[PDB]
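J.: Structure below; questions to follow.
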Ligand SMILES: C=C1/C(=C\C=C2/CCC[C@]3(C)[C@@H]([C@H](C)CCCC(C)(C)O)CC[C@@H]23)C[C@@H](O)[C@H](C)[C@@H]1O
């Protein structure tokens, strides 16, 4: 019923997050040519043996993800309150949410036209098959695609998109956090901003119920995170795999 207006601070928080995102997410994907080149071997049969022997798309996707983790670190440092946390808690939050924020931010390149992440010409269009060529299986990929479509359908305003990523990163329920109280205080400030924004800026149908759907996406990410971790583990058993990854990727998922 009640629709309180966004406070001055809440307006500032949103402005800061929008700016942070615009500075860390290049909608033209102009840096991609700097990554090791994508290579797509003939694997129409989806052979795990072949996929693992070649890992043809791993160097490229590993670079794409490493590059993205760097952008996410930059985004997080601009989240109001994040710097108030200890560097130790900052690193714990970053490492545990990295893959989740990547999945969330990737929704901007994802398209329902053909269910792919389109980041330019054909070379930088990623499909389910490109992900299997990087050593992952459908157990992760299919739920990931479902998640992307579910997120697209929420038709989030950019304001809601950046707030969701911030809330995802500043979660008090991450293993190893020391000052959960502070982290939760910061998250609540963000969650209240989102709840308030939805109530007085998001037109129906969806003026309500949207918050719950967004929180549910965060739960969905936890599942995807666990499945990715399990699969990364398997991938790391492949001899010479480390050279196809990056130091940052090795640390974050190691
Ligand atoms: C990164 C991005 C991105 C797309 C994301 C994709 C497509 C290719 C596969 C990938 C990277 C999956 C894949 C399951 C993760 C595999 C990583 C390793 C190999 C380390 O286990 C997670 C998100 C998805 C492009 C831009 O949106 C932005 C630049 C974003 O940030």
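Chain A is numbered as in Swiss-Prot; the shown residues are, in order, 119-164, 216-423.
Cβ coordinates are placed from backbone N, Cα and C, and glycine is handled just like the others.
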J.: Need one residue: from 377, 397, the one Swiss-Prot lists with 143, 237, 274, 278, 305 for calcitriol.
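T.: Of 377, 397, 397 joins 143, 237, 274, 278, 305 in the calcitriol site that Swiss-Prot records.
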J.: My understanding is the cutoff is Cβ-Cβ under 8 Å with a sequence separation of 6 or more in the same chain; which residues meet that for residue 305 (calcitriol binding site)?
T.: 397, 400, 404
J.: So which of 143, 237, 274, 278, listed as binding-site residues, have a Cβ under 6 Å from an atom of ligand 1?
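T.: Cβ < 6 Å from ligand 1, in sequence order: 237, 274, 278.
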J.: Quick one: give me the count of other CB atoms within 10 A of the CB of residue 397 (calcitriol binding site).
T.: 20
J.: Consider each pair of residues in 143, 237, 274, 278, 305, 397, all listed by the record as binding calcitriol, and report the largest Cα separation in Å as a whole number.
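T.: Those residues reach a largest Cα separation of 25 Å.
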